[PDB]
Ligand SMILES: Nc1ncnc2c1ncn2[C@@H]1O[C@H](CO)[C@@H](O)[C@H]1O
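Below, in structure tokens: the form deposited without the named molecule, a single chain.
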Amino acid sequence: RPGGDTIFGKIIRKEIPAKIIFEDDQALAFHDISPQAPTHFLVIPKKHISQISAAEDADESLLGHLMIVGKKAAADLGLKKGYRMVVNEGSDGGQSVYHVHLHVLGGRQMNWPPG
């Protein structure tokens, strides 16, 4: 199915709404349901890539596009003092939903280590 078979596939197909902040032909950005910072949103590809370890070389431009969308949406939301981008891979990374998703977090100082 276009958009894949996870929670995110229903968002991509518009079956279930989300707090959408950016949309193009490649990607969607929307506010995260469990925010960990004053701004916390996800950027996802419309194409169903399960996890970053399943991305192929021909996906490079799309993966970079997720970062450029994250930069643009962070600017629209008025981040001026920066943000952190996070991609979780597999169990140790903390990934639960097996569709690639880039987190963008800002509006506070982000700490270290990053989890």
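So that there is no doubt, residue numbering starts at 1 and follows the sequence shown.
Omitted from view is the form deposited with the named molecule bound, to which the following refers.
*Asks:* Could you check the pocket for me: superposition on the site C-alphas, the named molecule placed as it sits in the entry with it bound, then open or blocked, blocked being at least 3 ligand atoms within 2.4 Å of backbone or C-beta atoms?
*Replies:* Open, going by where the named molecule lands after superposition on the site C-alphas.
*Asks:* Within 4.5 Å, heavy atoms only, which of 54, 75, 33, 58 is in contact with the named molecule in the entry with it bound?
*Replies:* None of the other options qualify; the answer is 33.
*Asks:* Looking in the entry with it bound, any heavy atom of residue 42 within 4.5 Å of the named molecule?
*Replies:* Flag for residue 42 set to yes.
*Asks:* Using heavy atoms and a 4.5 Å limit, would one call residue 96 a contact residue for the named molecule in the entry with it bound?
*Replies:* Close contact exists here: in the entry with it bound, residue 96 approaches the named molecule to within 4.5 Å, heavy atoms only.
*Asks:* Quick check on residue 21: any heavy atom within 4.5 Å of the named molecule in the entry with it bound?
*Replies:* No, residue 21 stays farther than 4.5 Å from the named molecule in the entry with it bound.
*Asks:* Hey, in the entry with it bound, does residue 13 get a heavy atom within 4.5 angstroms of the named molecule?
*Replies:* Judged by the heavy-atom cut-off of 4.5 Å, residue 13 is well away from the named molecule in the entry with it bound.
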